[PDB]
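[1] once you've seen the sequence and the experimental structure below, I've got questions.
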Amino acid sequence: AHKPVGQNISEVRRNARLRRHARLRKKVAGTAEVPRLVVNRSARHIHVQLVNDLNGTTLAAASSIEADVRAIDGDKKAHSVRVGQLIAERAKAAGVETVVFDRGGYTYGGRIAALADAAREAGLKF
Amino acid sequence: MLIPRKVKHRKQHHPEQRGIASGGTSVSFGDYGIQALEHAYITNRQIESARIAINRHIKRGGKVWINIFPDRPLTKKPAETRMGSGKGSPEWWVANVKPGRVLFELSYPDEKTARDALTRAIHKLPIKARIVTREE
Amino acid sequence: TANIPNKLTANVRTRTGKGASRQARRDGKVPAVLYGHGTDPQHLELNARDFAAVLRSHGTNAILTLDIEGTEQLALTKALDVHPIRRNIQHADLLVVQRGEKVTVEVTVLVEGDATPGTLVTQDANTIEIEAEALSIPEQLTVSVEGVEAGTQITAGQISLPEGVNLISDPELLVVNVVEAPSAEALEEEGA
Amino acid sequence: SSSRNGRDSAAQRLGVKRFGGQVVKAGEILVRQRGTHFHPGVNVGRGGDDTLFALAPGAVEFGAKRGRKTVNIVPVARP
Amino acid sequence: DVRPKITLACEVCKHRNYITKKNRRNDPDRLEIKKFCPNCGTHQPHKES
Amino acid sequence: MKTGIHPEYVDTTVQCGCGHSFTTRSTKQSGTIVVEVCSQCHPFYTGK
RNA sequence: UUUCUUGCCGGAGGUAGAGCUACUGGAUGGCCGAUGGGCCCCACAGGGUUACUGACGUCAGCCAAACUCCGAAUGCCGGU
RNA sequence: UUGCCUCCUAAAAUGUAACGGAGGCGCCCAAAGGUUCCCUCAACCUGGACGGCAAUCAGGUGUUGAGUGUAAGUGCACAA
RNA sequence: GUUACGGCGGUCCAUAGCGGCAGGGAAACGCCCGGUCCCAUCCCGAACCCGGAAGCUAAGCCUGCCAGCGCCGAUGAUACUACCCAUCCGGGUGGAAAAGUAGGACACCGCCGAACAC
Ligand SMILES: [Mg+2]
Ligand SMILES: [Mg+2]
Ligand SMILES: [Mg+2]
Ligand SMILES: [Mg+2]
Ligand SMILES: [Mg+2]
Ligand SMILES: [Mg+2]
Ligand SMILES: [Mg+2]
Ligand SMILES: [Mg+2]
Ligand SMILES: [Mg+2]
Ligand SMILES: [Mg+2]
Ligand SMILES: [Mg+2]
Ligand SMILES: [Mg+2]
Ligand SMILES: [Mg+2]
Ligand SMILES: [Mg+2]
Ligand SMILES: [Mg+2]
Ligand SMILES: [Mg+2]
Ligand SMILES: [Mg+2]
Ligand SMILES: [Mg+2]
Ligand SMILES: [Mg+2]
Ligand SMILES: [Mg+2]
Ligand SMILES: [Mg+2]
Ligand SMILES: [Mg+2]
Ligand SMILES: [Mg+2]
Ligand SMILES: [Mg+2]
Ligand SMILES: [Mg+2]
Ligand SMILES: [Mg+2]
Ligand SMILES: [Mg+2]
Ligand SMILES: [Mg+2]
Ligand SMILES: [Mg+2]
Ligand SMILES: [Mg+2]
Ligand SMILES: [Mg+2]
Ligand SMILES: [Mg+2]
Ligand SMILES: [Zn+2]
Ligand SMILES: [Zn+2]
């Protein structure tokens, strides 16, 4: 036995991320016609869901664990743009072109910005 | 005399003096007690007189618990004055007593002396009380 | 040391309320409720006189044998709602119990004997909680005072506890404290 | 011989103005209050002095949402 | 006064559009802010009179 | 790592008096130090 | 008939009562025992002894128009 | 004493009187206004030269007891 | 469809919490390694941001079991109360608490994705 005493950086990252997410969520939400594009991000993968908060359901989703996205030899920005175009295509198939961006409690930029601008050019107006 | 060190408000309304004592109706500290039967305002004058009465009667060794505190002030406007010009200045202190509340409690070896000291105290109070024992 | 249960009669309350309870209390009857693991809160009138008699004979904590319309049940007094003034018992609570059943209870502690003369013995906690079987419940247990030395405290952990019974209270709960008898120049110095 | 008090302010007539199940117009103010004793609910907005008003026609109904008393406007069906 | 009433006038048309207050002890110089001019039609600097 | 606000920091060569050579980095604009009492000199450090 | 009454339904309260280890204050008696009190060996180090005063805490019983973890009956708003 | 604001009286909607019980106001801030993003205090224990309970540093416990220009009340840690 | 999975939510937001004991690392979730580049510290690549896959279940996460603390909580009685009787006392019919007891509870529900026979 070796009882640890401190708090781990995982806890502070996770719950501070959740607090930022909730503060954000106080002001955006998803309908059927203008759903919410929520994003997760880790050291390996980036995830997106298209949510109708009236139900708590998901309309479309994507991540960087699909076959094609793992088929890219490029950079994390390349995976981000691939996910963005894929989720834009899936949303357009589902019958929607307007959305609100839930950045997920991460600062807007880097790969999240790349994803968001890929979806922007791909057909989703936000 | 028993006087609170400070009260948040020094001019309150008269304590509502209705109902039966719900809290503080059992003898717990000593073995014999004086337990009330009528609503009243037991001032610190009454309490001091009753306590000195008990101490004079037993006079040897035994514990007297005054488990009521006079901490509610009754005011009185100065004499010869008409009505109006606001409420008076507080000048005596009171415990609000309901029928049921044990007022004084005593611990002493024997029986008759304890009973007699308790009734000596009772005679100094503005109410009817009765001597109650530690058992049902 | 099994205690023989006491045999009362009871009968189901037809209708409930403060009016019904007042009327029943007026006819020399006590309203009461059975519960426990019998999982049926059953509303029972019982004889007030016999209830008081058995509570006198065997304290607050005593097993009863209730005859509910012919059915035979074992009960144990859980609580008694008593008027502060008229002192009549108003209501009773009856856990259902059976043999070989541990149950938590509160037992009065009555100091026995005389103490050393220069000081007075005074109890702070008159009741001590014990875990014990339904039949083996002591109605009262004693604490020893026989010429103690100068003022000292007594706690539940050093009491001669009966057999088959277990202390529940934390052992460091004071029960009886011998405190030096106030002198002539010490008794009237406190209280003002 | 004088009282050093004897001043008070006007009553502001605060309180709930529309109760549960009450049909309102869009824009009706529903509860006047000081702080946020009732928090804005679905399709209910909050004014500058913390006055709750209805952002859509419907029926008033109260609720609790994560330990917060809230007021909501429910769309009644068009006959 | 220490917080007197002041007026703000557009520079490009000299029309007095707004009246406000400010502290002379803390803002000794003329206060200037970009306000909205109804006849200039757009936001213009406005300077204390 | 800001642009230029921090004080100058470069690698430095530190030589002991008793012959120890320390390969370090400091804010010394020169980058060269010699010290006569070091980790092998004090009686408390090496028991002498 | 929009009025009023009665039944049912949808509401928001903080009164009576109660409780307080749920807050703000008052307030009874115990228990351990500080810090700060005195003394010894002897230093104003350090240690322990002593009616010490006895922070905090804790056990049990309480109190409040401007206290509330709670909390009715009625009344009130609407519908039916 | 006379206008305004807050509380209790005021009897759980609103309103409610007395030379009833308590206090504030006649301002302040060009940021103490707008928006965007980020953070969580007070207190307590432990470890530190000045530095003492107390000043700044580090570790922990800490869900609100701190703070909110300004009385009081309603609020606010989702943060106001 | 199976999952000692990962997200996004809901519930008059603790019956869900705190604590304790015992497990796991498929993909995932993490920690971890570095600061070349976007970006960052009122100093610090600790945080945030960008790149990587050497090591890990020690945490975070999730799973199972404990009722020790916190939480929930009846039935009955009682307090209080509307209306009505009633020459003060008091009573009847309806409503009915707080505290306490019996007990409950180590949450439940939903929608997407991951791996897996498909
Ligand atoms: Mg650490
Ligand atoms: Mg009253
Ligand atoms: Mg009582
Ligand atoms: Mg009480
Ligand atoms: Mg008398
Ligand atoms: Mg007012
Ligand atoms: Mg505003
Ligand atoms: Mg305004
Ligand atoms: Mg300035
Ligand atoms: Mg009707
Ligand atoms: Mg109703
Ligand atoms: Mg209600
Ligand atoms: Mg109130
Ligand atoms: Mg009361
Ligand atoms: Mg007070
Ligand atoms: Mg009250
Ligand atoms: Mg009112
Ligand atoms: Mg009223
Ligand atoms: Mg009037
Ligand atoms: Mg004045
Ligand atoms: Mg501000
Ligand atoms: Mg600003
Ligand atoms: Mg700290
Ligand atoms: Mg819990
Ligand atoms: Mg793995
Ligand atoms: Mg790096
Ligand atoms: Mg583990
Ligand atoms: Mg984990
Ligand atoms: Mg609770
Ligand atoms: Mg009930
Ligand atoms: Mg009469
Ligand atoms: Mg209860
Ligand atoms: Zn102009
Ligand atoms: Zn050297």
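    Yep, it's here. Numbers count the residues shown, from 1 in each chain, chains lettered A, B, ... in the order given. Ligands and ions are numbered 1, 2, ... in the order given.
[2] point me to the residue of chain D nearest ligand 3.
    Nearest residue of chain D to ligand 3: residue D:67, at 34.3 Å (Cβ to the ion). Bear in mind the C-beta positions are built from the backbone N, C-alpha and C, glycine included.
[3] next one: phi and psi at that residue?
    The phi/psi pair for residue D:67 (degrees, to the nearest 10) reads phi 60, psi 40.
[4] tally of neighbours for it?
    5 (other Cβ atoms under 10 Å in any protein chain shown).
[5] chain F: strands as residue ranges?
    F:10-16, F:21-26, F:32-35 (DSSP state E).
[6] with chain C instead?
    Going by DSSP E, chain C shows strands at C:6-12, C:29-36, C:42-47, C:63-68, C:71-82, C:89-96, C:102-112, C:119-123, C:127-133, C:140-144, C:153-155, C:166-167, C:174-180.
[7] same thing with chain B?
    B:32-36, B:40-43, B:63-66, B:72-76, B:89-97, B:102-107, B:129-133.
[8] over to chain E?
    Counting by DSSP E, the strands of chain E are E:5-10, E:16-21, E:32-36, E:43-48.
[9] mean neighbour count added to the ones you listed, as a markdown table?
    A markdown table is the format used below for those (neighbours: other Cβ atoms under 10 Å in any protein chain shown):
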| stretch | mean neighbour count |
| --- | --- |
| strand E:5-10 | 16 |
| strand E:16-21 | 13 |
| strand E:32-36 | 12 |
| strand E:43-48 | 16 |
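[10] who wins for proximity to residue C:80 among those strands?
    Closest approach to residue C:80 among those (Cβ to Cβ): strand E:16-21, 74.1 Å.
[11] in its sheet, what does the closest one sit against?
    Note on strand E:16-21: by DSSP bridges, its sheet partners are strand E:5-10 (antiparallel).
[12] now the partner strand - C-alpha only, PDB.
    Output of strand E:5-10 as PDB, limited to C-alpha atoms (Å, rounded to 0.1, in the frame of the first residue of the first chain):
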ATOM      1  CA  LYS E   5     -23.500  68.100 -16.100                       C
ATOM      2  CA  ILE E   6     -21.600  68.200 -19.400                       C
ATOM      3  CA  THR E   7     -22.700  68.200 -23.100                       C
ATOM      4  CA  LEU E   8     -21.100  66.300 -26.000                       C
ATOM      5  CA  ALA E   9     -21.000  67.700 -29.500                       C
ATOM      6  CA  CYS E  10     -20.100  66.100 -32.800                       C
END
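[13] is the spatially most central residue of chain D in a helix, a strand, or coil?
    Most central in chain D under Cα atoms, centre = their mean is residue D:31, positioned 1.9 Å from the mean C-alpha point. Under DSSP: H, G, I helix; E, B strand; the rest coil, the three-state class of residue D:31 is strand.
[14] residue A:61 versus that one, what's the distance?
    40 Å (Cβ to Cβ, to the nearest Å).
[15] thinking again about what came up before, distance to residue A:53 added to the strands of chain C, as TSV?
    Output for these, formatted as TSV (distance: least, Cβ to Cβ, whole Å):
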stretch	distance to residue A:53
strand C:6-12	55
strand C:29-36	47
strand C:42-47	51
strand C:63-68	58
strand C:71-82	51
strand C:89-96	51
strand C:102-112	50
strand C:119-123	65
strand C:127-133	53
strand C:140-144	65
strand C:153-155	61
strand C:166-167	57
strand C:174-180	60
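[16] and the nearest residue to residue F:30 once chain neighbours are set aside, how many residues sit next to it?
    Spatial nearest neighbour of residue F:30, chain neighbours left out: residue F:12 (7.8 Å); criterion: Cβ to Cβ, 6 or more residues apart in numbering or on different chains. Residues lying near residue F:12 (other Cβ under 10 Å) number 17.
[17] same thing with residue C:161?
    Neighbour tally, residue C:161, other Cβ under 10 Å: 17.
[18] tell me the contacts of it?
    C:130, C:141, C:167 (Cβ atoms under 8 Å, 6 or more residues apart in numbering or on different chains).
[19] spell out which parts of chain B neighbour chain C.
    For chain B, the contact set with chain C under Cβ under 8 Å from any Cβ of the partner chain comprises B:1-2, B:20-22, B:25, B:28, B:30, B:37, B:48, B:51-52, B:55, B:58-64, B:66, B:99-100, B:107-109, B:134, B:136.
[20] same thing but 6 Å
    B:1, B:25, B:51, B:55, B:61, B:100, B:107 (Cβ under 6 Å from any Cβ of the partner chain).
[21] wait, what's in contact with the residue most central in space within chain B?
    Nearest to the geometric centre of chain B sits residue B:42, at 4.5 Å (Cα atoms, centre = their mean). Neighbouring residues of residue B:42 by Cβ atoms under 6 Å, 6 or more residues apart in numbering or on different chains: B:95, B:97.
[22] same thing with residue C:93?
    Residue C:93 neighbours (Cβ under 6 Å, 6+ apart): C:33, C:78, C:79.
[23] go through those residues and give me the one with the most neighbours.
    Going by other Cβ under 10 Å, residue C:78 tops the contacts of residue C:93 with 18 neighbours.
[24] so what's it closest to, chain neighbours aside?
    Residue C:78's closest residue in space is residue C:93 (Cβ to Cβ, 6+ apart), at 3.9 Å.
[25] residue D:60 contacts residue D:23, doesn't it?
    No: the pair residue D:60 / residue D:23 is not scored as a contact, 8.0 Å apart, by Cβ atoms under 6 Å.
[26] neighbour count: the two, which is higher?
    Neighbour count, other Cβ under 10 Å: between residue D:60 and residue D:23, residue D:60 has more, with 24 against 13.
[27] got a list of contacts for stretch A:94-103?
    Residues contacting stretch A:94-103 (Cβ under 6 Å, 6+ apart): A:28, A:34-39, A:59-60, A:112, A:116, A:124-126.
[28] give me the buried entries from the residues you listed.
    A:34, A:35, A:36, A:37, A:38, A:39, A:59, A:60, A:112, A:116, A:124 (16 or more other Cβ atoms under 10 Å in any protein chain shown).
[29] can you lay out these as TSV showing secondary structure and distance to residue C:150?
    Output for these, formatted as TSV (DSSP: H, G, I helix; E, B strand; the rest coil; distance: Cβ to Cβ, whole Å):
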residue	secondary structure	distance to residue C:150
A:34	coil	85
A:35	coil	83
A:36	strand	78
A:37	strand	81
A:38	strand	76
A:39	strand	77
A:59	strand	84
A:60	strand	85
A:112	helix	79
A:116	helix	84
A:124	coil	89
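[30] and which of these is nearest residue F:40?
    If you rank those by distance to residue F:40 using Cβ to Cβ, residue A:112 comes first, at 54.1 Å.
[31] list the contacts of the closest one.
    A:39, A:103, A:106.
[32] could you give me the buried positions within stretch B:70-81?
    Across stretch B:70-81, burial judged by 16+ other Cβ under 10 Å covers B:70, B:72, B:73, B:74.
[33] no wait, stretch C:154-165
    C:154, C:155, C:156, C:159, C:161, C:165.
[34] redo those as a markdown table? Include distance to residue B:125.
    What follows is the buried residues of stretch C:154-165, written out as a markdown table (distance: Cβ to Cβ, whole Å):
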| residue | distance to residue B:125 |
| --- | --- |
| C:154 | 35 |
| C:155 | 37 |
| C:156 | 37 |
| C:159 | 39 |
| C:161 | 43 |
| C:165 | 44 |
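[35] just give the closest residue to residue E:23, not the sequence neighbours.
    Per Cβ to Cβ, 6+ apart, closest to residue E:23 is residue E:3, 5.2 Å.
[36] what do you get for residue A:63?
    Residue A:63 sits nearest to residue A:47 (Cβ to Cβ, 6+ apart), 4.3 Å away.
[37] thinking again about what came up before, now render the buried ones among the contacts of stretch A:94-103 as CSV, adding distance to RNA strand I.
    Below are the buried ones among the contacts of stretch A:94-103 laid out as CSV (distance: Cβ to the nearest atom of the strand, whole Å):
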residue, distance to RNA strand I
A:34, 15
A:35, 10
A:36, 7
A:37, 11
A:38, 5
A:39, 9
A:59, 8
A:60, 7
A:112, 6
A:116, 11
A:124, 17
